Structure formats: C-alpha cells, structure tokens
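Participant: Please find one structure pasted underneath; my questions will follow.
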Amino acid sequence: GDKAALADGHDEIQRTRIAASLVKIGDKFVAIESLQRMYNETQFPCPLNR
Amino acid sequence: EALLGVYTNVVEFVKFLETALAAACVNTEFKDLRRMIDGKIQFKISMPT
C-alpha cells in the first residue's frame with residue numbers, strides 16, 4: 001500500500017519506445033552507452049578518460 | 001595471288017561502372033569540362049558547446 005504513496009511520479013507516466021543497446025550479464029540486464037559523441041563534437045575532454 | 005592474314009583482337013577490359021572501384025567514388029558525366037577553370041565546394045560547420 002505504501003508503494004503508491006512512495007512514488008507519485010513514475011506511476012501513470014506515459015511509456016515510450018527508447019532506442020538503446022542492451023546486454024545480458026548473468027541474471028541482470030544492463031544497458032551500454034559510450035558518450036564520446038557528445039564530448040568530441042564540442043571538443044571538451046571526456047571524463048571517462050582518466 | 002591475293003593473300004590473307006590472321007589478326008587477333010584487342011583484349012577488352014571491364015568498364016569503370018562495372019568494376020567494384022566505383023563504390024568509393026561518385027560518378028557524374030560533366031559534358032563540357034574543358035570549359036571549366038576551377039570548381040569549389042564550401043562547407044559551413046557550426047559547432048556546439
């Protein structure tokens with residue numbers, strides 16, 4: 001019963017169709033994204049490169 | 001006495017649109033290119049931040 005009061009948002013938000021890559025690691029589904037496109041098109045250094 | 005000879009033909013080759021090299025270039029037939037002096041392409045690159 002507390003679950004409805006705990007999340008007003010993310011219940012009854014209209015769903016959609018998101019295009020992203022996925023992967024399967026054991027019992028868990030994980031999405032993979034590399035953001036060098038949003039950094040090298042603006043030519044700021046990327047924070048994943050340490 | 002009339003004499004005949006044997007001539008062998010020139011070995012023809014595959015034309016340029018029928019090779020696989022034209023997958024790397026974009027081919028147009030510009031009819032009067034001896035009239036062209038120069039030809040230019042101008043890019044305009046807007047850069048986000």
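Chain labels follow the order of the structure tokens: the first chain is A, the next B, and so on; residue numbering restarts at 1 in every chain, and ligands are counted from 1 in their shown order.
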Please identify every residue of chain A that has at least one atom no more than 10 Å from any atom of chain B, counting only C-alpha atoms, and report them as a compact mmCIF listing (two decimals) with N, CA and C atoms, in the first residue's frame.
Facilitator:
# COMPACT_ATOMS: atom_id res chain seq x y z
N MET A 38 28.99 13.19 -27.62
CA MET A 38 28.52 14.47 -27.10
C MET A 38 29.67 15.32 -26.58
N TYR A 39 30.87 14.74 -26.47
CA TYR A 39 32.02 15.48 -25.96
C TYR A 39 33.00 15.83 -27.07
N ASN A 40 33.18 14.97 -28.06
CA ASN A 40 34.10 15.26 -29.14
C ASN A 40 33.49 16.12 -30.23
N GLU A 41 32.16 16.20 -30.30
CA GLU A 41 31.54 17.17 -31.19
C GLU A 41 31.59 18.58 -30.64
N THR A 42 31.81 18.73 -29.33
CA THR A 42 32.04 20.02 -28.72
C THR A 42 33.49 20.21 -28.31
N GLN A 43 34.29 19.15 -28.38
CA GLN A 43 35.75 19.19 -28.26
C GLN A 43 36.19 19.64 -26.87
N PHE A 44 35.42 19.24 -25.87
CA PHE A 44 35.81 19.20 -24.48
C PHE A 44 36.35 17.82 -24.15
Participant: From range 5-39 of chain A, collect each residue whose DSSP state is strand (DSSP E) and return the set as a VMD selection string.
Facilitator: chain A and resid 21 to 25 28 to 32
Participant: Would you work out the distance separating CA of residue 45 in chain A from CA of residue 21 in chain A, expressed in Å to one decimal?
Facilitator: 24.0 Å
Participant: Quick one: pull the distance between CA of residue 18 in chain A and CA of residue 36 in chain A, Å, one decimal.
Facilitator: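 One can read the CA of residue 18 in chain A to CA of residue 36 in chain A distance as 19.7 Å.
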Participant: I'd like the interatomic distance between CA of residue 13 in chain B and CA of residue 29 in chain B, to a tenth of an Å.
Facilitator: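 Separating CA of residue 13 in chain B from CA of residue 29 in chain B is a distance of 20.2 Å.
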Participant: Quick one: DSSP helix (DSSP H, G or I) residues in chain A, as a list in words?
Facilitator: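 Everything in chain A that counts as helix (DSSP H, G or I) is residues 2, 3, 4, 5, 6, 37, 38, 39 and 40 of chain A.
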